[PDB]
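Visitor: Have a look at this one.
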Amino acid sequence: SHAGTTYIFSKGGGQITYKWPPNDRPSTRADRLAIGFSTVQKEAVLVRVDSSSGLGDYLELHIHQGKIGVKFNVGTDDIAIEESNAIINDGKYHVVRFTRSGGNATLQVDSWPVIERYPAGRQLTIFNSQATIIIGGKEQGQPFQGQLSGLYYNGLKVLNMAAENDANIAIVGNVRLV
Amino acid sequence: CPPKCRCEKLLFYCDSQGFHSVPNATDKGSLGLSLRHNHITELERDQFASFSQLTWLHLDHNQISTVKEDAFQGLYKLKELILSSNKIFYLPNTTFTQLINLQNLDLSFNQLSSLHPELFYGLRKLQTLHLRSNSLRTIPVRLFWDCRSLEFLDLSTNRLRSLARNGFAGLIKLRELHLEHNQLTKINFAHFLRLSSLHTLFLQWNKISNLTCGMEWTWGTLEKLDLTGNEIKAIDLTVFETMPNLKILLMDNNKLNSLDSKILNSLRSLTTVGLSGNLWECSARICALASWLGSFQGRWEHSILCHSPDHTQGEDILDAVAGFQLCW
Ligand SMILES: *[C@@H]1O[C@H](CO[C@@H]2O[C@@H](C)[C@@H](O)[C@@H](O)[C@@H]2O)[C@@H](O[C@@H]2O[C@H](CO)[C@@H](O)[C@H](O)[C@H]2NC(C)=O)[C@H](O)[C@H]1NC(C)=O
Ligand SMILES: *[C@@H]1O[C@H](CO)[C@@H](O)[C@H](O)[C@H]1NC(C)=O
Ligand SMILES: *[C@@H]1O[C@H](CO)[C@@H](O)[C@H](O)[C@H]1NC(C)=O
Ligand SMILES: *[C@@H]1O[C@H](CO)[C@@H](O)[C@H](O)[C@H]1NC(C)=O
Ligand SMILES: [Ca+2]
Ligand SMILES: [Zn+2]
């Protein structure tokens with residue numbers, strides 16, 4: 001049960017990217033990422049938000065050993081959170097939700113216990129000047145193979161925007177809008 | 179009682195009627211007169227000669243453009259005069275001098291460009307003076323020489339370019355001074371030396387670049403200083419030595435880059451501070467500020483955020499200090 005705007009990432013790799021205007025690259029104290037997907041892969045990179053040139057800040061959503069997880073960096077250090085209780089590469093539809101509040105993070109697989117992770121001490125709270133959203137994980141050398149639907153990032157329905165041929169969007173590789 | 183006017187007592191309420199001049203009065207023993215929101219365009223000589231016993235007179239929101247000499251003559255008992263929201267641009271030097279018992283004078287929202295150096299002479303019982311929202315560019319050195327009991331002065335929303343050395347002579351009892359929304363460039367706090375009773379000073383939304391203090395002195399009564407929304411980038415290391423009892427200091431939305439520990443060591447009586455929106459450089463330089471915050475026991479309404487270098491932008495100072503190993 002998977003309906004919504006969806007893209008097929010088949011063999012050979014694929015990539016959907018969004019380019020923010022140079023001046024308006026946003027900074028955020030909190031982040032809300034929700035993606036609908038289905039896959040059978042053991043290892044892949046779904047979405048990655050990279051900061052503008054000259055900044056180490058980043059946010060990456062990926063599958064590793066069939067387990068969905070998130071890794072992010074405010075500036076100083078890498079923070080990781082993963083659903084290790086179970087597996088999501090069974091080929092069925094899932095919605096994973098990621099939530100960031102400064103150093104804090106939240107992961108929840110569809111209809112499973114919510115994962116909450118709180119860093120010790122005081123952390124940097126700002127993800128700094130986001131430049132691109134790279135859906136596909138081709139450039140990371142782990143292209144994703146499957147179906148992606150209803151991607152949500154900070155109020156942006158990015159896939160829906162790609163299906164509307166938004167000028168900024170750049171579609172490359174073997175990706176089809178079924 | 180004169181036509182179109184309802185009178186509750188000796189008080190005459192003639193607001194919101196089409197009056198182009200002051201009506202002649204059957205009863206000349208009136209205590210108060212209200213002529214608000216009419217279309218009076220001119221004030222004649224001895225116009226209120228009939229209303230000798232007037233204590234308050236409201237002439238706000240009229241198109242008054244010309245005020246003849248001796249316009250208010252004979253109003254010895256008048257203690258409140260409201261002339262705001264008009265088109266007054268020139269005032270004869272003798273226009274207020276007769277009104278001795280005046281306590282509240284409002285000349286705000288007018289087109290005054292300059293004031294006669296002897297305009298406010300002999301207003302010793304004056305307590306409040308509203309000159310807000312005028313186009314004054316300069317202010318006579320002797321204007322407030324006779325204003326002995328003035329304790330509230332409003333000069334906000336004008337076109338004041340800079341402050342005279344001793345313009346304030348005779349404001350020895352002034353408590354609250356409004357200078358916001360003008361066009362000041364620099365502040366030499368020695369210029370306020372004569373205001374020895376001031377508790378609050380508003381200087382926000384000017385174009386202030388520098389904070390200096392030419393003469394060493396102690397301004398023991400000043401408790402609140404609002405400098406919000408200027409362009410302050412530099413501050414002499416002794417300007418806050420002057421204000422030992424300063425308890426509220428607001429410096430948001432400026433171009434402050436850092437603060438010397440010499441500065442911050444004088445600001446210890448503070449209960450409220452404001453340092454947001456500044457161009458803070460997040461490096462070892464802010465340690466003076468960072469340490470102070472740990473030491474500080476007062477309040478600050480808004481969070482203080484780094485502006486430089488870029489990787490620290492928008493992040494609270496202390497979070498960035500401890501996060502990037504900037505100090506200690
Ligand atoms: C990130 O989370 C921290 C800590 O989360 C707390 O721990 C959990 C057990 C749960 O009880 C959470 O609700 C707690 O908030 C937050 O730091 C706490 O913030 C609250 C509210 O501001 C405060 O009452 C606590 O004292 C704080 N604890 C510490 C150790 O500082 C922090 O606010 C979160 N950051 C962001 C950006 O949301
Ligand atoms: C009103 O007063 C003026 C003088 O100010 C006088 O010339 C005029 O006759 C008066 N009119 C009435 C009706 O009293
Ligand atoms: C009024 O102004 C004139 C300027 O022409 C000045 O010489 C005179 O002294 C002033 N009178 C008073 C009483 O201030
Ligand atoms: C303010 O001080 C700075 C350096 O302290 C100086 O360069 C500048 O000229 C001063 N501003 C004015 C208006 O004198
Ligand atoms: Ca950052
Ligand atoms: Zn009219």
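For the protein sequence lines, the chains are A and B, in the order given.
Taking this note's numbering, I'd label the letters of the first sequence as residues 1 to 178.
Taking this note's numbering, I'd label the letters of the second sequence as residues 179 to 506.
Quick reminder that beta carbons are idealized off the backbone N, C-alpha and C, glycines included.
1) Quick check for students: name the residue ranges of the beta strand (DSSP E) that lie wholly in the region 57-144 of chain A, counting only runs of 3 or more.
2) Please list the terminal residues of the continuous beta strand (DSSP E) segment that includes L379 (chain B).
3) Return yes when the Cβ of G348 (chain B) is within less than 7 Å of the Cβ of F380 (chain B), no when it is not.
4) My output table needs one value for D497 (chain B): the three-state DSSP class, helix, strand or coil.
5) Which residues, in chain order, does the region 41-69 of chain A contribute to contact with chain E at a C-beta distance below 8 Å?
6) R214 (chain B) and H236 (chain B): beta carbons closer than 7 Å?
7) For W478 (chain B), does the three-state DSSP call read helix, strand or coil?
8) Considering only residues of the same chain and omitting the five flanking positions on each side of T416 (chain B), which have a CB-CB separation below 6 Å?
9) With 7 Å set as the bound, which would you pick, yes or no: does the beta-carbon of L156 (chain A) sit closer than that to a beta-carbon of chain B?
10) Let me know the secondary structure DSSP gives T399 (chain B) once reduced to three states.
11) Between which two residues does the alpha helix (DSSP H) carrying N160 (chain A) extend?
12) Counting only beta-carbon separations shorter than 7 Å, does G173 (chain A) have a partner in chain B?
13) Whose beta carbon lies closer than 6 Å to any heavy atom of ligand 5, going through the chain in order?
14) Please list the residues of the region 74-101 of chain A that have a C-beta atom closer than 7 Å to any C-beta atom in chain B, keeping them in chain order.
15) Ignore the nearest five residues each way along the sequence and tell me which others in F72 (chain A)'s own chain have a CB closer than 6 Å to its CB.
16) Can you tell me where the beta strand (DSSP E) holding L46 (chain A) begins and where it ends?
17) Across the region 118-127 of chain A and the region 148-163 of chain A, are there enough close Cβ pairs to call them in contact, namely three or more that are closer than 8 Å?
18) Hey, does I126 (chain A) have any beta-carbon neighbour from chain B nearer than 7 Å?
19) By Cβ distance, which residues of its chain are closer than 6 Å to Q140 (chain A), with the 5 residues on each side in sequence left out?
20) Since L256 (chain B) and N279 (chain B) should fall inside the 8 Å C-beta cutoff, what is the C-beta to C-beta distance between them, to a whole number of angstroms?
21) For a contact defined as C-beta to C-beta under 7 Å, what are the partners of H489 (chain B) on chain A?
22) Can a CB atom of chain A be found closer than 7 Å to the CB of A468 (chain B)?
23) Could you tell me whether the Cβ atoms of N168 (chain A) and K19 (chain A) are closer together than 7 Å?
24) Assuming the contact rule is C-beta atoms closer than 8 Å, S194 (chain B) and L232 (chain B) should be a hit. Round their C-beta distance to whole Å, please.
25) Taking C-beta pairs closer than 7 Å, name the residues in chain A that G492 (chain B) reaches, listed in chain order.
26) Using the C-alpha atoms, what's the distance from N104 (chain A) back to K402 (chain B)?
27) Along the chain, which unbroken stretches of the alpha helix (DSSP H) at least 4 residues long are found entirely within the region 192-275 of chain B?
28) Can you list, in chain order, the residues of the region 413-430 of chain B whose Cβ is nearer than 9 Å to any Cβ on chain A?
29) I need the residues with a C-beta less than 5 Å from some heavy atom of ligand 6; please give them in chain order.
30) Using DSSP bridges, identify the partner residues of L389 (chain B).
31) Does ligand 2 have even one heavy atom less than 6 Å from the beta-carbon of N202 (chain B)?
32) Hey, quick one: how far does the alpha helix (DSSP H) through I441 (chain B) stretch, first residue to last?
33) Is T272 (chain B) close to ligand 3? I mean its beta-carbon at under 6 Å from any heavy atom of the ligand.
34) Out of B:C505, B:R477, B:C484, state which residue places its alpha-carbon closest to the alpha-carbon of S469 (chain B).
35) What distance in whole Å lies between the Cβ atoms of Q382 (chain B) and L405 (chain B), which are believed to be in contact at a cut-off of 8 Å?
36) Looking only at DSSP bridge pairs, what is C185 (chain B) linked to?
Guide: If we stick to the structure as given:
1) 58-64, 67-73, 78-82, 94-101, 104-108, 115-117, 130-135
2) 378-380
3) no
4) In this structure, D497 (chain B) counts as helix in the three-state DSSP scheme.
5) Absent from the structure is chain E; the protein chains it does hold are A and B.
6) Contact check for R214 (chain B) against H236 (chain B) passes: the beta carbons are separated by less than 7 Å.
7) strand
8) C391
9) Not an interface residue.
10) Looking at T399 (chain B) - three-state DSSP - the assignment turns out to be coil, as it is neither helix nor strand.
11) Residues 158-162.
12) Closer than 7 Å to the CB of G173 (chain A) there is not a single CB belonging to chain B.
13) The answer, residue by residue, is A:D57, A:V74, A:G75, A:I126, A:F127, A:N128, B:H489.
14) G75, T76
15) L59, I79
16) 43-51
17) no
18) yes
19) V45
20) 6 Å
21) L55, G75, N128
22) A468 (chain B) does not count as touching chain A.
23) yes
24) Contact flag wrong, Cβ pair sits at about 20 Å.
25) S27, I126
26) So the alpha carbons of these two residues sit roughly 39 Å apart.
27) none
28) When C-beta distances to chain A are compared with 9 Å, every residue of the region 413-430 of chain B stays at or above that value.
29) B:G196, B:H217
30) B:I365, B:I413
31) Checking every heavy atom of ligand 2 against the Cβ of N202 (chain B), one is found closer than 6 Å.
32) 439-442
33) yes
34) B:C505
35) 6 Å
36) B:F190
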